[PDB]
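Report on one structure; see the data block that follows.
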Amino acid sequence: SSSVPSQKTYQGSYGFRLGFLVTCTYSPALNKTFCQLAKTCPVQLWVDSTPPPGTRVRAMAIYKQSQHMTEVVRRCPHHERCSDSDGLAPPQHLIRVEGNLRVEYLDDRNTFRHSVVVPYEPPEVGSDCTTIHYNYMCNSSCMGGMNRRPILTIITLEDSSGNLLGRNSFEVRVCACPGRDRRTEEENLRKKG
DNA sequence: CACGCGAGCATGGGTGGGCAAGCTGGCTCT
DNA sequence: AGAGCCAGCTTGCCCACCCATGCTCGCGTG
Ligand SMILES: [As]
Ligand SMILES: [Zn+2]
């Protein structure tokens, strides 16, 4: 019945967690990436056990604040009309995946929420993780889109059957100056949090 | 013994200060 | 000689205070 997807961490039986390696900088204190518009934001997928064949990785944005949570996260009308299309991403989608030949962009028939899915691929031998390159195609501040409202990215590991294997999430701010903004927010947390 | 009146209250709204956040300007760098 | 920084600027927006205005309340009246 809910149209709001869960943001609850579920590291699950496979021991699923994310890693993060200026265009992009991660704050572990905030669990929050600070990204520039349309720039690569690499996210690592770590598991303790190997998911089954046909496992998929989905990413979806939701507004972080209770008052906005039920509103679907979409690109603003300016960026939507911008001719920055890679050929596969529908222009209303905020989150894209770059560098994957099997990306699928979904628009939920019931909830109208946008997601982007790629096959899960096990790390190379001797590698601890697999990396997916996401891009956020609007600033947090975009008038008529996010409009300065913080978002969470929800990453789910899903079997081909649709069972939830794992779920992790991190906040995102897409902004002109990620370094400045990370420092500001961390100082605000230490001083007034 | 119902009503009239002046005092004060409640409650949405305005205002000024400060903040947020893309952007510009100069140096520096290569 | 184009480009990268870093500081500072710009500008919508937030926030707290105060105001605005219908209504309540106790007094006194008729
Ligand atoms: As990023
Ligand atoms: Zn936008």
Worksheet entry | Radius 11 Å from Cβ of A:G193, net charge of other residues (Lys, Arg +1; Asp, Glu -1) | 0
Worksheet item: Over chain A, one equal point on each Cα, no solvent: what is log10 I(q)/I(0) by the Debye formula at q = 0.11, 0.12, 0.16, 0.17 Å⁻¹?
Response: -0.48, -0.58, -1.06, -1.20
Practice prompt. Beyond 20 Å between alpha-carbons counts as too far, so tell me which of A:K8/A:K32; A:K32/A:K64; A:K8/A:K64; A:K39/A:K191; A:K32/A:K192 fall in that bin.
Written response: A:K39/A:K191
Discussion item. Using a 10 Å cut-off around each Cβ, can you sort A:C138, A:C129, A:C76 from fewest to most neighbouring Cβ atoms?
Written reply: A:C129, A:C76, A:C138
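Arrange the peptides A:153-165, A:96-108 so that the one whose residues have, on average, the most other Cβ atoms within 10 Å appears first.
In descending order of packing, they fall as A:153-165, A:96-108.
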Worksheet entry | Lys, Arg +1 and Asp, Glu -1 on Cβ, resulting dipole of region A:1-118 about Cα centre, debye, nearest 20 | 200 debye
Discussion item. Just to confirm a number: summing +1 for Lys and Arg and -1 for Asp and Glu over residues other than A:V4 whose beta-carbon lies under 11 angstrom from that of A:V4, what do you get?
Written reply: 0
Worksheet item: For region A:1-51 and region A:131-193, what is the separation of their C-alpha centers, rounded to whole Å?
Response: 9 Å
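FYI, it's all coordinate maths here, none of it is from the lab. Note: ideal-geometry Cβ built from the backbone for every residue, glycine included; neighbour counts use all protein chains shown.
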